[PDB]
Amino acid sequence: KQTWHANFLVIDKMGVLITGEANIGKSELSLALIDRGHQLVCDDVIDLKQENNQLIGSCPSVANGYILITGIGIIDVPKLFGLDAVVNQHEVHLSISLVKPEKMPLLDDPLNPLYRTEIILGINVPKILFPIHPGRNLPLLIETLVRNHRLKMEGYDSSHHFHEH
C-alpha cells in the first residue's frame, strides 16, 4: 500500500497536500493553519488509497494528532487545539508545492496561480507552485490560495452543469 511524503490538512473543505524543501517552515505552516481554524490530517507522511472514485488520504496511527516543530518538539494538537482540530481521513483535492522564488518557473498568466497536475495513484490532482517569501503571512496566503481554488473548481462544476442545453 501507498505512502506519500507531504503534510495533509483540511482547509475550507479541501484536502490539501503541502510539499517543499527541508527546513522552510512547513510544519510551522501547519500549526498556523490549525490556529486559523483549519484541520490536521497528518504531518510528514500520508497513507493513500482509492475508494469510490476518491483519492482518500489517511494518517497512520501512533503519529496521528502529532506535529514536530524544531524548537518546540512534539505538539499534541488535539490537547492544545481541541478534538475537532484533527481528522482521521479526507479526500485529496489540491497539492501545493512551496517553491523558493529564485527556483520558480516563468509565469504565463500572473493574474492566476501557476497551475500544474500531479498524478497520485493515477488520479489528476491540481497542483500549484507557490513562491515562498519570508514574513508575508504565508498562512493567510495559503488559506486564500485554497479558498480561491475551491471557488474555481465550483466554477467549472457550474459550467459543466450549465451544459444541460
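Numbers for residues come from their place in the sequence shown, where the first is 1.
Remark: stretch with higher mean C-alpha B factor among 117 to 125 and 30 to 38 is 117 to 125.
The deposited model assigns a higher average Cα B-factor to 52 to 60 than to the other stretch when 52 to 60 and 136 to 144 are compared.
Compared with the other modelled residues of the chain, the Cα B-factor recorded for residue 93 ranks in the lowest third. Per the deposited record, the Cα B-factor of residue 21 falls in the middle third when ranked against the other modelled residues of its chain.
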